[PDB]
Every structure is written in structure tokens, then in C-alpha cells.
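Notes follow the structure.
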Amino acid sequence: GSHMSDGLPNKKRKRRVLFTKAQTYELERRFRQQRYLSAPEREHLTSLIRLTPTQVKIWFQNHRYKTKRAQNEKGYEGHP
């Protein structure tokens, strides 16, 4: 059956957005087997959680900067 709305203009020019803890998950796993996704590396994912190739790289950017804060935190956090 037709369970996919192809009307994209029916929406306004605004609407928050996120990712299935799943996407972001595999999509986060890629960052492991690859730290510099490209045009051919990303795609591999685009097969997984469809994060369209470029969209895949566009996401890394957001993490690239934060993926650095994680290492700064990481550890047990607190005072051992």
C-alpha cells in the first residue's frame, strides 16, 4: 500500500529533526571503522541506516567537534 507521503512542500520551512538511536548508532559505528568517511566510505553506511552519503558526512561535522569533548570527559568522571 501507499504508506509514504511524497508531499514535501506540504510542510512549512521549519521542523526540528533527529535520528533513530539506531541510525546515529550504526552511523556512530562508522566513525570507528572510519574516521574520515568520504564519498565511497559514507555510502557503505547509506546502505545501513540510509543516512544519505553526504548527510553522513554532514553528521560527522556535528560530532567531529564534539567527538573531541567526549575524549576530554570520558574516564569515570568525578575524582578517583
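We label chains A, B, ... in the order they appear in the C-alpha cells, count residues from 1 in each chain, and number ligands from 1 in the order shown.
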Review point. DSSP on the backbone: what in chain A comes out alpha helix (DSSP H), as a ChimeraX atom specification?
Key: /A:21-33,39-47,53-73
Output file for the selection above: C-alpha atoms, as a PDB file, in the first residue's frame:
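Saved to part.pdb:
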ATOM      1  CA  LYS A  21      19.129   5.918  18.270  1.00  0.00           C
ATOM      2  CA  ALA A  22      19.659   3.227  15.635  1.00  0.00           C
ATOM      3  CA  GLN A  23      20.897   5.395  12.757  1.00  0.00           C
ATOM      4  CA  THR A  24      23.104   7.525  14.945  1.00  0.00           C
ATOM      5  CA  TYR A  25      24.251   4.184  16.397  1.00  0.00           C
ATOM      6  CA  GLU A  26      25.475   2.445  13.212  1.00  0.00           C
ATOM      7  CA  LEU A  27      26.124   5.918  11.888  1.00  0.00           C
ATOM      8  CA  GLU A  28      28.255   6.310  15.032  1.00  0.00           C
ATOM      9  CA  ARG A  29      29.875   2.903  14.476  1.00  0.00           C
ATOM     10  CA  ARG A  30      31.138   4.055  11.056  1.00  0.00           C
ATOM     11  CA  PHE A  31      33.225   6.692  12.866  1.00  0.00           C
ATOM     12  CA  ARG A  32      35.108   3.653  14.220  1.00  0.00           C
ATOM     13  CA  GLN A  33      35.881   1.610  11.082  1.00  0.00           C
ATOM     14  CA  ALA A  39      32.224   9.606  -0.920  1.00  0.00           C
ATOM     15  CA  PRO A  40      32.761   5.854  -1.063  1.00  0.00           C
ATOM     16  CA  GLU A  41      33.084   5.186   2.677  1.00  0.00           C
ATOM     17  CA  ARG A  42      29.965   7.045   3.642  1.00  0.00           C
ATOM     18  CA  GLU A  43      27.803   5.231   1.081  1.00  0.00           C
ATOM     19  CA  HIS A  44      28.645   1.881   2.751  1.00  0.00           C
ATOM     20  CA  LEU A  45      26.543   3.364   5.539  1.00  0.00           C
ATOM     21  CA  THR A  46      23.907   4.822   3.254  1.00  0.00           C
ATOM     22  CA  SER A  47      23.207   1.116   2.783  1.00  0.00           C
ATOM     23  CA  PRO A  53      26.131   9.731   1.880  1.00  0.00           C
ATOM     24  CA  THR A  54      26.683  13.482   2.234  1.00  0.00           C
ATOM     25  CA  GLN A  55      24.159  13.621   5.108  1.00  0.00           C
ATOM     26  CA  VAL A  56      26.513  11.070   6.671  1.00  0.00           C
ATOM     27  CA  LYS A  57      29.451  13.488   6.433  1.00  0.00           C
ATOM     28  CA  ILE A  58      27.233  16.409   7.458  1.00  0.00           C
ATOM     29  CA  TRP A  59      26.574  14.488  10.701  1.00  0.00           C
ATOM     30  CA  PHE A  60      30.260  13.736  11.383  1.00  0.00           C
ATOM     31  CA  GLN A  61      30.815  17.517  11.412  1.00  0.00           C
ATOM     32  CA  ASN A  62      28.468  17.950  14.396  1.00  0.00           C
ATOM     33  CA  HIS A  63      30.276  15.105  16.203  1.00  0.00           C
ATOM     34  CA  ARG A  64      33.773  15.832  14.839  1.00  0.00           C
ATOM     35  CA  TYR A  65      33.794  18.949  17.064  1.00  0.00           C
ATOM     36  CA  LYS A  66      32.073  17.183  19.991  1.00  0.00           C
ATOM     37  CA  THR A  67      33.701  13.764  19.476  1.00  0.00           C
ATOM     38  CA  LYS A  68      36.598  15.792  20.901  1.00  0.00           C
ATOM     39  CA  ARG A  69      34.706  16.857  24.034  1.00  0.00           C
ATOM     40  CA  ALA A  70      33.847  13.203  24.725  1.00  0.00           C
ATOM     41  CA  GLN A  71      37.538  12.249  24.973  1.00  0.00           C
ATOM     42  CA  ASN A  72      38.022  15.237  27.305  1.00  0.00           C
ATOM     43  CA  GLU A  73      35.242  13.842  29.513  1.00  0.00           C
TER      44      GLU A  73
END
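One finds atom CA of residue 20 of chain A at 11.4 Å from atom CA of residue 50 of chain A.
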Point to revise | Interatomic distance (Å, one decimal) between atom CA of residue 48 of chain A and atom CA of residue 19 of chain A | key: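 Atom-to-atom, atom CA of residue 48 of chain A to atom CA of residue 19 of chain A, that is 13.3 Å.
Between residue 18 of chain A and the candidates A:51, A:76, A:6, A:38, the tightest atom-to-atom separation, counting only C-alpha atoms, involves A:51.
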